[PDB]
Each structure stands twice: as C-alpha cells, then as structure tokens.
Amino acid sequence: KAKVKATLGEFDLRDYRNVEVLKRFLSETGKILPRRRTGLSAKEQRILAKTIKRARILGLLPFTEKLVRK
Amino acid sequence: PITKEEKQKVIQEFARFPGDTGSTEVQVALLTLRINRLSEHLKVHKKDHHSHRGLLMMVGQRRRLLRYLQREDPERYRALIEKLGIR
Amino acid sequence: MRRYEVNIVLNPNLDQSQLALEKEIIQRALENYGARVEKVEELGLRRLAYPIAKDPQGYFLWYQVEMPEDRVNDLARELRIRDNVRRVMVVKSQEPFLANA
Amino acid sequence: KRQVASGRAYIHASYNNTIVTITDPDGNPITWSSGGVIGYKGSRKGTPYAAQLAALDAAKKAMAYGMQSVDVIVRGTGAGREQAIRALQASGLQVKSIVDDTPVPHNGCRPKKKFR
RNA sequence: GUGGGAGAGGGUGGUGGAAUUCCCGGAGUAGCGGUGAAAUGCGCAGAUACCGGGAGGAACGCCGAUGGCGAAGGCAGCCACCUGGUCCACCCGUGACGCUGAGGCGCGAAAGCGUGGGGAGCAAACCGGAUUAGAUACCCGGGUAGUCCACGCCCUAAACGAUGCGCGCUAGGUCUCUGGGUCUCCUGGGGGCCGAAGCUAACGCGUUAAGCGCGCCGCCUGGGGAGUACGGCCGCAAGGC
Ligand SMILES: [Mg+2]
Ligand SMILES: [Mg+2]
Ligand SMILES: [Mg+2]
Ligand SMILES: [Mg+2]
Ligand SMILES: [Mg+2]
Ligand SMILES: [Mg+2]
Ligand SMILES: [Mg+2]
Ligand SMILES: [Mg+2]
Ligand SMILES: [Mg+2]
Ligand SMILES: [Mg+2]
Ligand SMILES: [Mg+2]
Ligand SMILES: [Mg+2]
Ligand SMILES: [Mg+2]
Ligand SMILES: [Mg+2]
Ligand SMILES: [Mg+2]
Ligand SMILES: [Mg+2]
Ligand SMILES: [Mg+2]
Ligand SMILES: [Mg+2]
Ligand SMILES: [Mg+2]
Ligand SMILES: [Mg+2]
Ligand SMILES: [Mg+2]
Ligand SMILES: [Mg+2]
Ligand SMILES: [Mg+2]
Ligand SMILES: [Mg+2]
Ligand SMILES: [Mg+2]
Ligand SMILES: [Mg+2]
Ligand SMILES: [Mg+2]
Ligand SMILES: [Mg+2]
Ligand SMILES: [Mg+2]
Ligand SMILES: [Mg+2]
Ligand SMILES: [Mg+2]
Ligand SMILES: [Mg+2]
Ligand SMILES: [Mg+2]
Ligand SMILES: [Mg+2]
Ligand SMILES: [Mg+2]
Ligand SMILES: [Mg+2]
Ligand SMILES: [Mg+2]
Ligand SMILES: [Mg+2]
Ligand SMILES: [Mg+2]
Ligand SMILES: [Mg+2]
Ligand SMILES: [Mg+2]
C-alpha cells in the first residue's frame with residue numbers, strides 16, 4: 001500500500017483542471033484521502049483539498065461514489 | 001486596497017528630505033491614509049466589528065505620534081495638522 | 001488591474017452555429033466589462049463526474065483575463081444570465097505551486 | 001405479467017426491520033417483501049432470520065416474473081443486512097453485483113435527540 | 001520603509017453538491033414505524049421500499065489534526081469583492097515617540113424582548129402512547145414559541161488555562177504548525193508533551209512559570225442568611241450592574 005505522492009512526477013497542486021492526477025487523491029468513493037494515504041505535507045494537503053473542491057464544483061471530480069463489492 | 005504607488009506618492013509627499021521613510025510626519029500621513037480607507041469601508045459594512053477595532057488601534061497610534069510631535073516641534077505639528085486636515 | 005481565469009461550462013448539445021453564438025456573447029460581455037484576454041484554451045466536450053442540468057457531458061471554455069476587480073462579479077453574473085451556460089467559475093490567478101520537483 | 005429476466009434488488013436494512021424490493025432495469029418495482037410481510041410482528045422483524053426469509057420471499061415472488069440476473073444495492077446499517085444478501089445469493093437468483101448505497105448527508109438536518 | 005508568508009479573523013454578494021421534508025408522475029402491496037417489550041401514530045383516499053421531475057429551508061460530509069485565525073465571545077463547502085490583525089528577511093528611515101490604565105466608549109455564546117420576514121429538520125410549553133406504587137420524568141408518536149434573515153434591544157456564562165497586561169532573567173529533551181538560512185541542522189514566531197534550578201499545602205507548575213524580578217490595573221479578608229433586602233443607575237420586559 002504505497003503513498004499517492006510516491007508515484008508521480010512534477011505536478012501543479014493548484015491546477016484544478018487536471019483530472020488525471022487529481023483523481024488519484026480520491027477514494028474508492030468520492031472522498032479526499034487522509035494524509036497517511038496521500039503522503040502529503042500539511043500545506044500541500046491544505047492546497048490539494050481546495051483544488052479538488054474546485055474541481056468538484058467545476059463538474060470534473062465526484063463528491064461521492066458508490067461502494068462496489070460488499 | 002492601497003497600491004505601492006499610492007503609498008509611495010504619500011511618502012515622497014511627506015518626506016522631510018529625499019530618502020525619508022519613517023519620520024513622525026510620514027508615519028502620521030500613512031496612518032491617515034489607512035484611517036480614511038477604513039472609515040470609508042465602515043460606512044457600508046457597519047457590521048464589521050473586528051475591522052473597526054483595527055481602526056480604533058490606528059487612531060490611537062496616530063494620536064500618540066501627533067502628541068509626540070506636539071511636544072517636540074510645535075511648528076512641524078501645526079504644519080502637519082493643517083496639511084492633513086486633522087485635530 | 002488584476003489577473004483572473006474564466007471557467008465556462010456550456011451545453012454539449014450545441015451545433016456549430018449556436019456554439020459560435022454563445023461564444024460571441026461570452027466575448028462581447030468580456031470586452032464589455034473591460035476584460036482583456038491573455039490566453040484561451042478550448043477543451044470542449046468532456047465527461048462530467050456527475051450530471052449537470054441532466055447532461056453527463058459538458059463543453060469547456062477556459063479564459064485568462066486582466067480585468068477591473070470591481071467589475072468581476074458583474075461579469076460573472078452576466079455570463080450566468082445566458083440560458084445555455086450551465087457553469088461559470090472565475091478565479092484569481094496563482095503561481096503554479098507544485099510537489100515532487 | 002412481465003418476464004423481466006435481468007433485474008435490480010434493493011435491500012433496505014434498519015435496526016428495526018429489513019425490506020427487500022425487486023425492480024426492473026429502469027428501477028420500477030416488481031415485488032417486495034419485509035419482516036412484517038412474513039408473519040413477524042415486533043422486534044422480531046429486525047432479526048437476521050427475518051431478513052433471510054424476506055429476501056427469499058421477494059426472490060421467489062420475482063422468480064414468478066422469471067427473473068434470472070439481479071443487481072444488489074444495499075442501503076442502511078442494520079442487524080442481518082448481511083443475511084439478506086446471503087440468502088439472496090443462494091436464492092437461486094444469480095447475483096451480478098453487490099453495492100452499498102447508504103445515503104449520508106454532508107450535514108443538512110439536525111438529527112433527532114436519540115441520534116445526536 | 002522595502003520585499004516575502006500562513007490563516008475557519010471580519011463584512012457584502014453570489015454559488016455547488018449530499019441529505020431531510022413536502023408536492024407531481026411511474027411501478028408496486030400490506031404493512032410501515034417504533035421499543036426492553038409495546039402502544040399511540042401513519043397506511044386500501046394505496047403507505048413503507050424503488051425510479052424520474054419539482055419546490056423549499058437549514059447546515060456544510062471527506063479533507064480534519066493532539067491543526068489554524070482572532071483581544072475575547074468565537075470562526076470552518078466553493079468564488080469574487082471590501083477589510084482587521086500578525087510573522088519572517090533586509091538593518092534602510094524616525095529618535096524614547098515607551099508600559100499600564102480608575103472613569104468613559106465599543107465588542108460580547110446561548111437563551112430572551114420588539115417590528116417585519118422566513119419556517120425544511122429539530123424542538124421548551126403542550127397533546128398523546130408506554131413504564132411505574134405514582135411518572136408531573138426518563139423511552140415512543142405528534143407539536144407551538146424558538147432555532148434561520150433584517151433592523152433594534154438585552155450585557156449574562158464552568159464568558160475556564162477557573163491562571164490580568166507588559167518587559168528582563170533562569171538546563172535540556174521531544175512532537176508539531178508557519179517564515180528565513182550555508183535546509184545534516186541552525187535560526188525566528190505559534191501550538192503541545194516530558195523535565196534543570198526553583199516554586200507549591202499538595203496536586204502540580206517549570207523560557208507558553210504557577211521560578212527570579214520591576215511597573216500599572218482588578219480583586220479577597222470564616223460559613224449560612226445572600227448575590228437576598230434597601231437605595232441608585234440601566235432595561236420595552238425578563239431582568240442586569
Ligand atoms: Mg444559467
Ligand atoms: Mg420492529
Ligand atoms: Mg508588506
Ligand atoms: Mg475566513
Ligand atoms: Mg405518488
Ligand atoms: Mg386506514
Ligand atoms: Mg387505522
Ligand atoms: Mg383514515
Ligand atoms: Mg424523489
Ligand atoms: Mg414550503
Ligand atoms: Mg474529523
Ligand atoms: Mg486577507
Ligand atoms: Mg492583511
Ligand atoms: Mg539603522
Ligand atoms: Mg540622526
Ligand atoms: Mg492598553
Ligand atoms: Mg450577547
Ligand atoms: Mg441568541
Ligand atoms: Mg424574535
Ligand atoms: Mg415572528
Ligand atoms: Mg420528543
Ligand atoms: Mg405525558
Ligand atoms: Mg400513564
Ligand atoms: Mg418503581
Ligand atoms: Mg418529530
Ligand atoms: Mg412571541
Ligand atoms: Mg469567574
Ligand atoms: Mg498578580
Ligand atoms: Mg525551511
Ligand atoms: Mg493564537
Ligand atoms: Mg517553540
Ligand atoms: Mg517546546
Ligand atoms: Mg511538566
Ligand atoms: Mg521567557
Ligand atoms: Mg514572564
Ligand atoms: Mg458572616
Ligand atoms: Mg443575580
Ligand atoms: Mg440602603
Ligand atoms: Mg433594585
Ligand atoms: Mg424605567
Ligand atoms: Mg435571573
């Protein structure tokens with residue numbers, strides 16, 4: 001169970017239009033992952049959160065998903 | 001807000017000599033600019049309180065600096081009060 | 001005055017005539033509020049993560065402007081008045097803070 | 001009088017009862033069942049056994065419309081929410097996908113005192 | 001002064017999705033709900049469960065922290081505007097301009113009052129169902145004020161760190177938020193946990209002092225009567241000082 005930041009290159013944390021990368025920080029559900037899972041900084045995570053929320057309002061990322069299997 | 005430009009014009013106005021920044025004069029003038037900005041902002045937004053405390057504080061400072069000028073050089077003081085339209 | 005980014009998501013059902021019309025109105029309103037246009041990216045048709053106005057898709061216009069700051073909210077109000085425009089988000093620009101440098 | 005074949009199954013499970021609604025691909029119900037649908041009356045409705053019986057009853061009722069496949073959707077936490085799905089699996093209905101759709105708010109409404 | 005920074009600090013306007021309720025439609029029947037058990041209640045005028053559409057109010061899941069901001073009360077969806085405080089670097093300007101602060105003035109959770117809006121959910125009072133010796137309660141079904149907005153009052157609190165403000169001084173270690181640096185680590189500014197010397201009745205405190213000192217304000221002088229009586233002041237009232 002590696003960390004999200006671990007596998008990735010240089011990427012803008014303020015860029016809400018980039019779904020490809022932002023989707024990696026979400027849950028099985030729509031949830032924004034804990035820092036333990038994102039391996040991010042305090043500041044970093046604080047920025048990512050607002051950027052993701054922007055993308056949600058913007059229609060790009062989900063607010064919620066449905067749990068499969070179960 | 002207050003642009004760097006506006007600030008600068010205020011200082012090169014109230015400077016006692018080229019390169020003067022922190023004079024009693026320049027300080028009072030700057031404060032005055034900030035005061036007027038705030039009061040104009042508090043005419044609308046009357047319910048902004050925390051800001052208003054900010055203003056109280058500014059006014060207090062301005063008055064103390066003026067009190068100092070008054071004590072030290074009454075002429076510079078009279079001149080300032082006339083130039084700025086205060087007290 | 002200040003530097004912003006205009007996000008616009010409009011109806012994916014549009015043909016070219018009507019698309020160009022809505023765009024013509026976006027432009028008109030932009031230059032009408034005093035907004036200068038630095039850069040524009042048209043991403044277009046995209047799959048939304050959730051349905052918007054009952055549509056699974058949306059068409060994206062992205063602008064970057066310099067406009068008078070006292071006029072921004074009026075500008076956005078203007079863009080929203082349109083029927084065909086289902087999302088408007090205007091954001092102050094920011095330096096590209098990044099990780100994994 | 002339908003012949004639906006492929007279909008959708010909803011398990012709504014609370015602490016007080018379990019109810020199972022079988023519908024078609026569009027989502028309109030075909031049949032339904034519950035702990036009270038069968039003989040049970042009181043607390044016994046929120047029994048897991050009850051939930052089994054209910055799931056089963058609904059699955060047979062749906063067998064009448066000749067259902068084969070089903071898509072399971074589970075809302076709620078409750079005693080024997082699981083036993084519902086379990087019985088539904090061995091019910092002879094071949095279960096395609098299970099999913100948990102339990103609604104949760106982003107904090108809209110003040111809950112009842114028993115719930116705060 | 002100049003150049004950087006972090007933030008649910010404030011005010012205004014917009015706006016997004018989840019959920020609840022209600023309404024319209026489809027499909028579908030005999031129950032749902034609820035409890036320790038129940039009952040009241042709702043359901044054949046078709047409820048519950050399910051799908052689609054709409055209206056409305058309120059609050060913002062994850063992120064979220066032993067985190068951050070504010071003088072306090074207190075502040076958390078997203079966007080823009082208006083605005084307060086504050087920290088760091090440079091060592092540039094003024095030249096003691098400082099601290100505290102009786103009175104005054106302003107702010108001040110909730111509940112509460114006034115006028116007008118609004119009203120989904122919750123819910124004092126109230127109406128019921130249970131339980132019980134009784135039940136004026138706990139539990140269950142309803143439900144009005146209220147909770148929400150504007151403007152104006154009220155001025156309270158376990159308004160708590162139960163610790164007034166400022167400055168200097170007196171081992172360290174450890175975790176953390178936010179600057180700067182030759183970024184092993186050093187160095188500022190917050191938040192925490194152990195602990196030197198010391199203090200303390202003890203518990204504990206210990207560079208975020210409850211240590212060593214200086215300055216100024218507030219306050220205490222056995223328990224009950226009593227935050228009562230009286231007088232004054234304030235309040236529309238409740239009531240407050
Ligand atoms: Mg529109
Ligand atoms: Mg029951
Ligand atoms: Mg600055
Ligand atoms: Mg804020
Ligand atoms: Mg109906
Ligand atoms: Mg009836
Ligand atoms: Mg009846
Ligand atoms: Mg009847
Ligand atoms: Mg519906
Ligand atoms: Mg209504
Ligand atoms: Mg949490
Ligand atoms: Mg700001
Ligand atoms: Mg500021
Ligand atoms: Mg010097
Ligand atoms: Mg000199
Ligand atoms: Mg003071
Ligand atoms: Mg108050
Ligand atoms: Mg109140
Ligand atoms: Mg009222
Ligand atoms: Mg009223
Ligand atoms: Mg009740
Ligand atoms: Mg009673
Ligand atoms: Mg009785
Ligand atoms: Mg008894
Ligand atoms: Mg109720
Ligand atoms: Mg009344
Ligand atoms: Mg006290
Ligand atoms: Mg003392
Ligand atoms: Mg650093
Ligand atoms: Mg603080
Ligand atoms: Mg420290
Ligand atoms: Mg420490
Ligand atoms: Mg200690
Ligand atoms: Mg110290
Ligand atoms: Mg000290
Ligand atoms: Mg006595
Ligand atoms: Mg009293
Ligand atoms: Mg007397
Ligand atoms: Mg009296
Ligand atoms: Mg009177
Ligand atoms: Mg009283």
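The name given to chain D in the PDB entry is ribosomal protein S11, and the organism recorded there is Thermus thermophilus. In its Sequence similarities section, the UniProt record describing chain D reads: "Belongs to the universal ribosomal protein uS11 family."

Labelled according to the PDB entry, chain A appears under the name ribosomal protein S18, originating from Thermus thermophilus. What UniProt records for chain A under Subunit is the sentence "Part of the 30S ribosomal subunit. Forms a tight heterodimer with protein bS6, also interacts with protein uS11. Binds to the C-terminus of IF3 and to the central section of Era." Under the UniProt heading Sequence similarities, the entry covering chain A gives this text: "Belongs to the bacterial ribosomal protein bS18 family."

Further remarks concern the packing of helix α1 (residues 48-63) of chain D against helix α2 (residues 82-90) of chain D. Residues and elements named next belong to chain D. One way to put it is that α1 packs onto α2 with a least axis distance of 8 Å and a crossing angle of 40°. Comparing the axis directions of α1 and α2 gives the class oblique. Between α1 and α2 the crossing geometry is right-handed. Each of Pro-48, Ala-51, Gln-52, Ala-55, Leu-56 and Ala-59 in α1 lies in contact with α2, whose residues at this interface are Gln-83, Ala-84, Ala-87 and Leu-88. Residue composition of the contact of α1 with α2, grouped by class: eight nonpolar, two polar and no charged.

The immediate surroundings of RNA strand E are formed by 92 residues, with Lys-43 and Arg-46 of chain A, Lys-92 of chain C together with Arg-75 and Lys-114 of chain D found nearest. For RNA strand E, the backbone portion of the atoms within 4 Å of the protein, that is sugar and phosphate, comes to 75%. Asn-16 of chain D places a polar side-chain atom, nitrogen or oxygen, 2.5 Å from a phosphate oxygen of RNA strand E. The contact in question runs from a base nitrogen of RNA strand E to an N or O atom on the backbone of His-106 of chain D, over 3.1 Å.

Spatial strand order, β2(A)-β5(D)-β4(D)-β1(D)-β2(D)-β3(D): six strands in an open sheet with mixed pairing. Bordering the open sheet on either side are β2 (67-68) of chain A together with β3 (29-34) of chain D, each of which pairs with just one other strand. Sheet strands touched by α1 of chain D: β2 (18-23) and β3 of chain D. Its angle to β3 of chain D, the strand with the most contacts, is close to 155°. With respect to the sheet, α2 of chain D is in contact with β1 (8-13), β2, β4 (69-75) and β5 (94-100) of chain D, its orientation differing from that of β5 of chain D by roughly 160°.

Listed per partner, the contact involves 22 residues of chain C and 24 residues of chain A. Buried area between chain C and chain A, both sides added, is near 2,000 Å², and the carbon and sulfur share of it is 58%. Looking at the side of chain C facing chain A, the largest losses of area belong to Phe-97, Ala-99 and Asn-100 of chain C, adding up to 32% of the total buried there. Our count for the contact surface shared by chain C and chain A stands at one salt bridge. For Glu-41 of chain C, the salt bridge goes to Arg-17 of chain A, with nearest N and O atoms at 3.0 Å. Our count for the contact surface shared by chain C and chain A stands at 15 residue pairs in polar contact. At the level of secondary structure, the elements contributing two or more residues to the side of chain C that touches chain A comprise β1 (2-10), β2 (36-52), β3 (55-67), β4 (85-92) and β5 (98-99) of chain C. Per element, the largest residue contribution to the side of chain C that touches chain A is six residues, and it comes from β2 of chain C. Residues belonging to the side of chain C that touches chain A are distributed by class as follows: 14 nonpolar, three polar and five charged. In terms of strand pairing, strand β1 (residues 11-12) of chain A meets β5 of chain C through two bridges, oriented antiparallel. Residue pairing across strands places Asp-12 of chain A opposite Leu-98 of chain C, the latter belonging to β5 of chain C.

Moving on, we get to the pattern of salt bridges. By the definition in use, this model includes 23 salt bridges over all chains. As a salt-bridge pair, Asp-55 of chain C and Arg-86 of chain C come within 3.7 Å of each other at their nearest N and O atoms. In this pair, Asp-55 of chain C is assigned in strand β3 and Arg-86 of chain C in strand β4, connecting sequence segments 31 residues apart. Across the salt bridge formed by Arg-77 of chain C and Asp-74 of chain C, the nearest N and O atoms sit 3.7 Å from each other. With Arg-77 of chain C and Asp-74 of chain C both in helix α2 (residues 72-81) and three residues apart, the pair spans about one turn of that helix. On the basis of relative accessible area, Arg-77 of chain C is assigned to the partly exposed category, the value being 46%. We classify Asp-74 of chain C as partly exposed; its relative accessible area is 32%. Three or more residues joined by partner-sharing salt bridges are found here, namely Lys-70 of chain A together with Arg-81, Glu-82 and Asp-100 of chain D.

Criteria and cut-off values
Residues numbered from 1 in each chain as written, not as in the entry; some residues may be left out. Chains lettered and ligands numbered in written order. Part of a larger assembly, values for the part shown. Heavy atoms only, no water. UniProt positions renumbered as here; feature names shortened; annotations may be inferred. Axes fitted to C-alpha atoms, helices over the stretch in contact; angles between N-to-C directions. Helix = DSSP H or I, 4+ residues; strand = E, 2+ residues; numbered from the N terminus. Parallel < 35°, antiparallel > 145°, perpendicular 65-115°, else oblique. Left-handed = near helix turned anticlockwise from the far one by under 90°. Contact = heavy atoms within 4.5 Å. Nonpolar A, V, L, I, M, F, W, Y, C, P; charged D, E, K, R; others polar. Near = heavy atom within 4 Å. Polar contact = N/O pair within 3.5 Å; in protein donor to acceptor, adjacent residues only side chain to side chain. Pairing = 2+ DSSP bridges. Buried area = accessible area lost by both parts, 1.4 Å probe. Salt bridge = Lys/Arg side-chain N within 4 Å of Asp/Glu carboxyl O. Buried < 20%, exposed > 50% of the residue type's maximum accessible area, 1.4 Å probe, protein only.

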